[PDB]
Amino acid sequence: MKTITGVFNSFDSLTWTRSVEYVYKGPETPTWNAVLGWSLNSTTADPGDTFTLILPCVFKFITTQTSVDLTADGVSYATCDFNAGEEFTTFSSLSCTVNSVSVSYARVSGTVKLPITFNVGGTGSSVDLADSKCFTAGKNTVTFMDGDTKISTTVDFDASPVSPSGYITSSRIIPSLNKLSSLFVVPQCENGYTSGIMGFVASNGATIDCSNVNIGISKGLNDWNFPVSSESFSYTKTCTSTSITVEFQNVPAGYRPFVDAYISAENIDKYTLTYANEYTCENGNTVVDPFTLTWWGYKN
């Protein structure tokens, strides 16, 4: 019946788990595990009271469960539902409820482990652009909040191993929507671009969701190759269920044109994009460098 704050009281560790699928400890790479400390006082907390954990800069939880319990020595003191930020908010959260228990306690403390990935960009969306500025390569402080309480720990995020000079592509599963976002950034031109055609044709069983696209020019890219800003500029586009195509003109120096779209896949773990990738740096000659990628996912 009341909302209480300050249940979560420490950020004990943030560690990345290396798997066969994932090779470098990037912020968006599954899976990061945040171990948090929590403490409840029965004189200030009653069963049915609620409290929330805030995770700034966290895209999603990597789990198929809808909730996680705060438990100690086999007793469930609270149930916390996952509320991923995704493309809706820059932060994810837990919404928790204090559980009734068969033990009486005055004070009890424990930890919880949260499987997450961070959002450092992915599209021209308001959400991704803001989060694109969340972290830099190297040492960072990751802060979560419960009401006015701030809890933090340090972590070291490797920069992308992919050169930001060439074309950039990225895809990311949006669990609540059963969709992915997918991004193409045009290769860099030193002194802007005369012209270009950027986008992708979907195949196998992928189709483009034309109601959720972003076309922008970004002022450079962050440490993970993602747009940090998005401004309009001179282009025409055509979006159909199988292809998004953006023809552009007269982009100035210092900027990177990009395009991103939501994708609906018959199989969210396997689809194919064919990328047009044509561009004519200013004062230069047209490059026509199409290529195809198969995107593979390990969603459960």
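Residues numbered from 1 in each chain as written, not as in the entry; some residues may be left out. Heavy atoms only, no water. Residues with missing side-chain atoms left out of burial classes, pairs and counts.

Per the PDB record, the structure was determined using X-ray crystallography to 1.98 Å resolution.

Remarks on the side chain of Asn-33
Basically, it comes down to this: Each helix is a run of DSSP H or I of at least 4 residues and each strand a run of E of at least 2, with the numbering of both proceeding from the N terminus. Exposure classes here rest on a 1.4 Å probe applied to the protein chains alone. A residue is buried below 20% of its type maximum, exposed above 50%, and partly exposed in between.
Among the secondary structure elements, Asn-33 is positioned in strand β2 (residues 32-41). A residue is classified by how much of its surface remains accessible, and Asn-33, at 13% relative accessible area, is buried.

Some points on the sheet that holds strand β14 (residues 206-218)
Heads up, the rule is: By the convention used here, strands pair only if DSSP detects at least 2 bridges between them. Between N-to-C directions, angles cover 0 to 180 degrees, with each direction set by a line fitted to C-alpha atoms, over the stretch in contact for helices.
The antiparallel open sheet is built from four strands, whose spatial order is β11-β12-β17-β14. In this open sheet, the two edge strands, each paired with only one partner strand, are β11 (168-174) and β14. With direction set aside, neighbouring strand axes in the sheet form an average angle of 20°. Of the strand pairs in this sheet, β11 and strand β12 (residues 179-185) are connected by seven bridges, and their pairing is antiparallel. The residue of β12 that forms the bridge with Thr-169 is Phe-184.

A word on the pairing of strand β8 (residues 107-118)
Pairing between β2 and β8: 10 bridges, direction antiparallel. Its bridge partner being in β8, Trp-38 is matched across the sheet by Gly-110. Pairing of strand β4 (residues 58-61) with β8, which is carried by three bridges, proceeds in the antiparallel orientation. Along β8, the bridge assignment pairs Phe-61 with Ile-116.

Some details on the sheet that holds β2
As summarised here, the arrangement of the four strands in space is β1-β2-β8-β4, forming an open sheet in which the pairing is antiparallel. Of all the strands in the sheet, just β1 (8-16) and β4 have a single pairing partner and so form its edges. Strand-to-strand, the axes of this sheet are offset by a mean angle of 40°, without reference to chain direction. Where β1 and β2 come together, seven bridges link them in antiparallel fashion. Of the residues in β2, the one forming a bridge with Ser-13 is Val-35.

Let's talk about unusual backbone geometry
Omega for the bond connecting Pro-30 with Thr-31 falls within 30 degrees of zero, at -5°, which places this linkage in the cis form. Structurally, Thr-31 can be placed in the loop between β1 and β2. A positive phi is found at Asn-204, a non-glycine position, where the angle reads about 70°. Relative to the assigned elements, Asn-204 resides in the loop between β13 (193-203) and β14. Positive phi values are uncommon outside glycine, yet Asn-250 reaches one of about 55°. Within the secondary structure, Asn-250 is located in strand β16 (residues 243-251).

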